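Take a look at the structure tokens below, where one protein chain is shown in two forms, each on its own, as structure 1 and structure 2.
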Structure 1
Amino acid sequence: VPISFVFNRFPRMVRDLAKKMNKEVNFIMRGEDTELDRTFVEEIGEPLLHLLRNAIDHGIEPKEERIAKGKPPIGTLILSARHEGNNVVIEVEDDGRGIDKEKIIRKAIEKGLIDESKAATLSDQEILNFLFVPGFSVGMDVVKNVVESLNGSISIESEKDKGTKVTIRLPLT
């Protein structure tokens, strides 16, 4: 199945959400012809939608806040799919405000998931992965559960004020 059967529904939904939330978003899709098992195509839509919503809502900042930060007033949201060996890699990237990793550590300490003493040397991926913990902050836990149900993997990378990339790796078949 080409993944375009899902991707093609997104531009309108993104531009709807952006206008509702008062943001200017250049939405770019790449690799929409990428083919994989239709089971994957069918199930990956709802998780992807959540990731695109996350990016527009929590990631891209309103135009007035972009310009106050000296960023381009228009935000960029990229959804891509590509073959990597016999896997498919789907990426959702924004140039928004990024994930505050210090906030994640503070909340992890607050909720008793970790000791303050350990936090000073925690890895970035270890920190970002708290986002998949169900209480923490469909949610991101459910996105991870769907991916893992498909024998896939998910990762997050982010940098404050620069933006966020979520990568999903699925088997072809």
Structure 2
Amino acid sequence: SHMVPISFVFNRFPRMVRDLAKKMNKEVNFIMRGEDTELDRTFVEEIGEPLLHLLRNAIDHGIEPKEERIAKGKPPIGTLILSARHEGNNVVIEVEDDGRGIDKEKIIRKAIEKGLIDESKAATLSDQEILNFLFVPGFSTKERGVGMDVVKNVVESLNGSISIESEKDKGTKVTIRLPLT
């Protein structure tokens, strides 16, 4: 319990999200909540890059170009929310966007290409089983490299847990639960 506010982790994010959104020509309303939520000081340097990766994913793969969102009947401006809070005895961190959602079709194609599953087993996979493929080491693009697989490995190294939720054209929500002690 040598704690510090998660703001030490969150502070650099607004400017980075702003620049990233500009680089990929996306309109992003970035909201951070609960920056006062405290966490183990030893988590600060390990959780920073993983969270940044999730934010990048939201802006790059999630939030759609203004013209695409309109065709979908959604506001031109996309919304990306990073939040932290205390739940029970954990620090819960969420990264949520109202983007296009994870393309499960593509994940299955990747799973098959990487020999992680036979095509005959792909047809009956549940949504959660499909999304879980993102946590298999080596699944992310081969760039110290980033990727959801690395995010999960880091979260597990902190004795924590991670879950993903997503609905086509609705959005994506990643939740990380870290132990306080």
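Throughout, residue numbering runs from 1 along the sequence of structure 1. Superpose the two forms; the largest set of C-alphas matching within 1.5 Å is the rigid core.
Candidate set 108, 147, 48, 56; criterion, C-alpha shift of 2 Å or more between the two structures after rigid-core fit; matching residue, 108. Once both forms are overlaid on the rigid core, the distance between the two CA positions of residue 38 between the two structures is under 2 angstroms.
Once the rigid core is used as the reference frame, the Cα position of residue 122 differs between the two structures by 2 Å or more. For residue 70, the Cα deviation between the two structures after core superposition amounts to 1.4 Å.
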